[PDB]
Student: 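Before I ask anything, let me first share the structure, which is written out below as structure tokens.
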Amino acid sequence: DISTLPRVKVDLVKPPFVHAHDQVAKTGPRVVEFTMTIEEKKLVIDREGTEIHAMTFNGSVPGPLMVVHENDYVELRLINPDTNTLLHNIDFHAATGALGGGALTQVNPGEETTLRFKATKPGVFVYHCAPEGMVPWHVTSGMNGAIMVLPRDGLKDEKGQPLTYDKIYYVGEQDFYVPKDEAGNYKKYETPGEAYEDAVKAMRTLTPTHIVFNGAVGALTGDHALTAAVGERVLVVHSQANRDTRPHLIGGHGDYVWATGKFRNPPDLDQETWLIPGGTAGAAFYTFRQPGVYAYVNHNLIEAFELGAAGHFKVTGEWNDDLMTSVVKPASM
Amino acid sequence: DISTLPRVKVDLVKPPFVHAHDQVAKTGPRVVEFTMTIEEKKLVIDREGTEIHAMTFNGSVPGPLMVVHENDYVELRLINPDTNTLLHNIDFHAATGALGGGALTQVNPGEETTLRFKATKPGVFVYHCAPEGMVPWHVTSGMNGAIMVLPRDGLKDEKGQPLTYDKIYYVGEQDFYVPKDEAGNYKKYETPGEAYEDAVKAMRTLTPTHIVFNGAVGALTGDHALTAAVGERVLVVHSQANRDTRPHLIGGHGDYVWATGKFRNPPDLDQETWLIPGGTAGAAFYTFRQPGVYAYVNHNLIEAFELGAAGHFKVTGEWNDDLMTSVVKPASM
Amino acid sequence: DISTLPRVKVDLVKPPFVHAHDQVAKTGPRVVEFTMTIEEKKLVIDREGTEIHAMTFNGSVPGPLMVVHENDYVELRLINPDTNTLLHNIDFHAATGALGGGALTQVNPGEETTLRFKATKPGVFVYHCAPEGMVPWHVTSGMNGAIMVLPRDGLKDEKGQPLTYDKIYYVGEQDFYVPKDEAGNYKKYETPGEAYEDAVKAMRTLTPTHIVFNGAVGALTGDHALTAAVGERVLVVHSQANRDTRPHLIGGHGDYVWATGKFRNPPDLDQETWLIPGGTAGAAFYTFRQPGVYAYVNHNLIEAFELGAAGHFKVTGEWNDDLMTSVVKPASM
Ligand SMILES: O=N[O-]
Ligand SMILES: O=N[O-]
Ligand SMILES: O=N[O-]
Ligand SMILES: O=N[O-]
Ligand SMILES: O=N[O-]
Ligand SMILES: O=N[O-]
Ligand SMILES: O=N[O-]
Ligand SMILES: O=N[O-]
Ligand SMILES: O=N[O-]
Ligand SMILES: [Cu+2]
Ligand SMILES: [Cu+2]
Ligand SMILES: [Cu+2]
Ligand SMILES: [Cu+2]
Ligand SMILES: [Cu+2]
Ligand SMILES: [Cu+2]
């Protein structure tokens, strides 16, 4: 009887931050209640000021990271306000049946729905909108996020000993396909319906115009750079709902990586770069050993540095000259 | 002495079905005899009626799945009838030496050949045509399939206990490169030779015009949807001879996955989506837990829903409300 | 005290060859001294005579393979002669801190620098130039290589028993983006600065014009084919600093593969084809069992046979008819 289980309500937070949770489950299985409100909105995605009509869960690209434990039930209230124009739904890759919930959650503007599913498999998983006939358009307009289903006894290393993270961040990587004309300029559209065919044509090139973290070029830089201290253990959850990516921490490693994101498997050790296939979430654990600026990138470096898939960590602490040093600084002989 | 071994003749079946076989070997090592007849033919590949000159093993795209056991010998009689126009051969990724057999199997129209090789490594493997100088053209015109070399004691899980499948299907995913003009219309050609340079130019874009399962958009839908019952254990073998893919069962999982298809390795557990690199076959095992329609897709969703890489499962049985339920059906408040 | 450790100087060799080293460490931890001189030079990259302005470490594409043992220190003297025009640096994926050394190694023409880092993680790793603001241009102009950090007790199999290679080769795979005009002809440029914007535009297509091994179409063929004898154990280290690749030995296998290149992990067994993500080095171990010509390719076969990512092995020794034989040679019935 699900009615006999504890209920807990979670208020979600904006990526790259993650709602408060416990790694090791302090209660028995629970029904965990989430609410998301769909927001269609204009978003500026690059330094040039290119503005798209984005489709979002909870006002952000990506949608927020949900965190539960294995064999919890997820109960999502999904609200489509009448200020929106399109039909939406949600498909959880964590869920079993009914197209991941998509068949049960179709909401027109002015409607809401509540879905419950049992999180039977531990791992990080993508969720995304998937309305019949228009799936890639919604996903590539930003309507995707992730859910983490932790093992009830938390994460474990390749030998089965505990791994505990001190901080967690969620990086959602988004491929956008802004339509271009013969000259190569971005085309502009008045209504979603007038945009649709050109959006399909742009998608069929399989060549994104932008590939960004947290919804825009430079979103995870400057005042919004990720932070850590030397010695801290950081988990970075990374998703890509549509297209392969290959994350890399410039100056660091993935000490333990679940590249395809599923915690019953042993992690890969000491990775430089890891492949997260399109339609997947992955997770990487790293202990910082040096201070300074790190770049966190998709290591197709054109995708990173020309198309947008690059963010920064600012790390505080002591410099270790045993690990790295300048022996002779750049100079003319 | 190979002449002292049992011989068995197999008659192949059209994908996505697979010839009858035993998972656990009921005889000692055998010579397993297969015959394939090459057929060059017109094929309609999409709903628009786009027709290509396809190159096939046994009349289908993909070619049929061959199944043997580790350390069996495969003896293939390959027939190129005089109704065909081109030179063909075959390269087995399962085989050792002579370019996988390609150096030994070159047949002009009106010729045949018989190759024997020892299947020394267990796994699912690609086979494809590979005539010197024209390899990608033949492979991307459909001339590829797969072979499964089962361990003699069948499949095993990550802990070494038996995994037995109830049903098996073979999904071959094909990237086509139909030449386009400046306007973006598909060009049409009278002879293979007149097509060749434009085919090469289209291939060099690295952007497929179509990506399909079982030879056409929608081939694994409707009356030809895959089927299962709740509780059945299904193995899906998936190959891609030329280009990476990332299969996903919408509403399900890969419970046990050999993403790069080789059975001496432990399977990955609980996958949402798995990467099968171009030039590889993989295999995924799933036990259905919910009825209804599932979509089986390449989770580049543009590739799936715009370019063709999507099929369906129709699953019969009981709905489990513990696993998933609509709490409040879509409605206006 | 690092000053108390042995020092050894290594003189590097041109790929695909590798400097002499010992698999199992015969000394304690050492400081291993390398020197590289940057050379900007014209290179002919294809059979058509297309000539680019290449940027190289030590005069080659890829840069040379460096080999050390876990917890050795790498001390690199990097020289940028005044005959060069651009600013360069180096980022080691093996290193920890300061953008892999990139923040500490910026050298203008006429300058040099010496970096030291501790090789704390065993595996094969990419190194590449990464000057702020111009990273992908330098990497995709050839300025990348790899470093192998061997475990001190050498390589081990999936069960922890020793694997010893008899020969080692280094294959660097390079994606080039030669700018094209409306007609599709390669554009030509007088100075690096006049080339830059068109280089960026060409990179943003995400469609390489050339994908080559050892710096040119056909570089690892003919008189420069790789060689082995039947029974020899060969390690092939393969890197791709920017773009995914999927190596395959046509007629063979990867007996033991570290696809993402990190030796604390067990190898994948019996691979047909393996995915090395962009920004990664991998390693594959194979024991040759048949003589003849093998092709070693990226198994996107368009990338291999149209764009250049194909080389040869010439293997000497006895033919094994048990493994493969022609039963009936091609003939007309
Ligand atoms: O929603 N993609 O970050
Ligand atoms: O930031 N992408 O053009
Ligand atoms: O870094 N002092 O030459
Ligand atoms: O032959 N490709 O499915
Ligand atoms: O179905 N592909 O255009
Ligand atoms: O689903 N009943 O509101
Ligand atoms: O430098 N790439 O082989
Ligand atoms: O060899 N590439 O065009
Ligand atoms: O190969 N002799 O027919
Ligand atoms: Cu939507
Ligand atoms: Cu999905
Ligand atoms: Cu053929
Ligand atoms: Cu092949
Ligand atoms: Cu440089
Ligand atoms: Cu890098």
Side-chain angles (χ1 to χ4, degrees), chain A residues 204, chain B residues 12-19 36-66 83-84 86 88 90 124 126-130 136-148 168-179 186 188-189 192 195 199 202-203 207-227 236-245 247 276 278-282 295-298 300 303-313, chain C residues 301-302:
Chain A
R204 289 165 66 90
Chain B
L12 294 162
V13 307
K14 185 179 153 69
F17 303 92
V18 180
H19 73 82
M36 292 193 300
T37 303
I38 297 154
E39 183 178 358
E40 296 162 13
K41 66 200 298 182
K42 284 186 196 167
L43 287 178
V44 173
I45 60 168
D46 64 16
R47 303 297 189 197
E48 292 78 0
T50 306
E51 194 175 38
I52 59 161
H53 292 280
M55 303 177 200
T56 79
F57 291 112
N58 250 25
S60 59
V61 173
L65 188 69
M66 291 172 203
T83 49
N84 290 330
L86 307 172
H88 302 282
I90 191 163
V124 284
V126 168
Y127 66 78
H128 62 85
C129 188
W137 185 46
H138 285 240
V139 172
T140 66
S141 294
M143 214 153 171
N144 61 86
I147 177 164
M148 184 163 71
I168 180 173
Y169 290 115
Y170 174 39
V171 179
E173 177 174 344
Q174 187 59 59
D175 47 320
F176 292 118
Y177 299 80
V178 180
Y186 301 129
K188 293 214 289 284
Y189 304 91
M203 287 186 291
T207 304
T209 55
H210 300 78
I211 303 169
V212 300
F213 296 159
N214 215 49
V217 179
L220 298 184
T221 69
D223 296 335
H224 289 95
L226 306 184
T227 65
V236 177
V237 176
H238 195 127
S239 75
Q240 226 299 4
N242 190 64
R243 185 170 183 276
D244 300 341
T245 181
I276 302 177
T280 321
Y296 179 82
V297 302
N298 172 335
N300 181 315
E303 292 180 12
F305 291 111
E306 306 310 327
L307 301 180
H312 298 158
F313 268 91
Chain C
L301 297 169
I302 303 165

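We use all heavy atoms of the structure for the numbers below, so side chains are in, but hydrogens, waters and symmetry mates are not. Residue numbers start from 1 in every chain, and the chains themselves are labelled A, B, ... in the order their sequence lines are given, proteins ahead of strands.
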Student: Do you know which two heavy atoms are closest between B:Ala219 and B:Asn214, and how far apart they sit?
Tutor: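 Taking every non-hydrogen atom into account, CB-O, 3.6 Å.
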
Student: Between B:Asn242 (side chain only) and C:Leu301 (backbone N and O only), is there a donor and an acceptor less than 3.5 Å apart?
Tutor: yes

Student: Calculate, to the nearest 0.5 Å, the distance between atoms CG and CZ belonging to B:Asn298 and B:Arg243 respectively.
Tutor: 7.0 Å

Student: Is there a donor-acceptor pair closer than 3.5 Å between any side-chain N or O of B:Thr209 and the backbone N or O of B:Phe176?
Tutor: yes

Student: Quick check: do B:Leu86 and B:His138 have side-chain heavy atoms less than 4.5 Å from each other?
Tutor: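 Sidechains of B:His138 and B:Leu86: in contact.
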
Student: Is there side-chain contact between B:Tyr177 and C:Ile302, with heavy atoms separated by less than 4.5 Å?
Tutor: yes

Student: Using a 3.5 Å distance criterion without hydrogens, assess whether the side chain of B:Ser141 forms a donor-acceptor pair with backbone atoms of B:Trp137.
Tutor: yes

Student: Suppose we call two aromatic rings close when their centres sit under 6.0 Å apart. Are B:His238 and B:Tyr296 close by that rule?
Tutor: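 Yes; B:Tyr296 has its ring centre under 6.0 Å from that of B:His238.
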
Student: If you take all heavy atoms of B:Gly63 and B:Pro15, which pair is closest and at what distance?
Tutor: O-CG, 3.6 Å

Student: In a check of side chain to side chain contact (heavy atoms under 4.5 Å, CB included) between B:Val217 and each of B:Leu307, B:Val44, B:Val212, B:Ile45, which one passes?
Tutor: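 Single pass found, and it is B:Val212.
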
Student: Compare every heavy atom of B:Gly172 with every heavy atom of B:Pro62, then report the nearest pair and how far apart it is.
Tutor: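 So the minimum-distance heavy-atom pair works out to CG-CA, 3.7 Å.
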
Student: Taking all non-hydrogen atoms of both residues into account, name the closest pair between B:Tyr189 and B:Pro179 and its distance.
Tutor: OH-CB, 3.3 Å

Student: Assess the residue pair B:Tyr127 and B:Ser239 against the criterion (side-chain hydrogen bond (donor to acceptor under 3.5 Å, both in side chains)); give the C-alpha distance rounded to whole Å, side-chain angles, the decisive distance to 0.1 Å, and a yes or no.
Tutor: CA-CA 10 Å; B:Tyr127 66 78; B:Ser239 75; over 6 Å; no

Student: Take the angle between the ring planes of B:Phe313 and B:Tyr169 and call it parallel below 30°, perpendicular above 60°, tilted in between.
Tutor: perpendicular

Student: Give, for atom NZ of B:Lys188 and atom OG1 of B:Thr50, the distance between the pair rounded to the nearest 0.5 Å.
Tutor: 9.0 Å

Student: Could you check B:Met148 against B:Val18 for side-chain contact (heavy atoms from CB on, under 4.5 Å), going step by step and ending with a plain yes or no?
Tutor: CA-CA 10 Å; B:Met148 184 163 71; B:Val18 180; 5.8 Å; no

Student: In Å, rounded to the nearest 0.5 Å, how long is the span from OH of B:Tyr170 to CE of B:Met66?
Tutor: 10.0 Å

Student: Rounded at 0.5 Å granularity, tell me how far CG in B:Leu65 sits from CZ in B:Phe17.
Tutor: 13.0 Å

Student: First locate atom OG1 of B:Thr140, then atom NE2 of B:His210, and finally report the distance between them rounded to the nearest 0.5 Å.
Tutor: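 One gets 13.0 Å once the value is rounded to the nearest 0.5 Å.
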
Student: Just checking B:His224: does its NE2 atom have more than 12 heavy atoms from other residues, nucleotides or ligands closer to it than 6.0 angstrom?
Tutor: no

Student: Is the shortest heavy-atom distance from the side chain of B:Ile90 to the side chain of B:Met36 under 4.5 Å?
Tutor: yes

Student: For B:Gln174 and B:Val61, indicate whether the former's side chain and the latter's backbone hold a donor-acceptor pair under 3.5 Å.
Tutor: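 Pair absent, no side-chain N/O of B:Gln174 close to backbone of B:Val61.
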
Student: Looking only at heavy atoms, what is the nearest atom pair of B:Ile276 and B:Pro247, with distance?
Tutor: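 Where B:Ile276 meets B:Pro247 most closely, the heavy atoms are CD1-CG, 3.7 Å.
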
Student: Ignoring hydrogens and angles, tell me if any N or O in the side chain of B:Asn58 forms a donor-acceptor pair with the backbone of B:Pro64 under 3.5 Å.
Tutor: no

Student: Is B:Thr56 reaching over with its side chain to a backbone N or O of B:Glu39, donor-acceptor style, under 3.5 angstrom?
Tutor: yes

Student: Looking at every heavy atom in both B:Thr221 and B:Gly311, which two are closest together, and how far apart are they?
Tutor: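 Looking at all heavy atoms of both residues, the shortest contact is CG2-CA, 4.1 Å.
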
Student: Atom OG1 of B:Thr280 and atom CG of B:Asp244: how far apart are they, to the nearest 0.5 Å?
Tutor: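 Separation between the atoms: 8.0 Å.
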
Student: For B:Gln240 and B:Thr245, which I'm curious about, is there any donor-acceptor pair between the side chains at under 3.5 Å?
Tutor: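 No, no side-chain donor-acceptor pair sits under 3.5 Å.
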
Student: I'd like to know whether B:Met55 forms a side-chain contact (heavy atoms from CB on, under 4.5 Å) with B:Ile38, so could you lay out the CA-CA distance, the side-chain angles of the two residues, the decisive distance to 0.1 Å, and finally the verdict.
Tutor: CA-CA 7 Å; B:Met55 303 177 200; B:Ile38 297 154; over 6 Å; no

Student: Quick check: do B:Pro16 and B:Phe213 have side-chain heavy atoms less than 4.5 Å from each other?
Tutor: no

Student: Start with the C-alpha distance between B:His53 and B:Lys42, add both sets of side-chain angles, then the distance that settles side-chain contact (heavy atoms from CB on, under 4.5 Å), and finish with yes or no.
Tutor: CA-CA 5 Å; B:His53 292 280; B:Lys42 284 186 196 167; 3.6 Å; yes

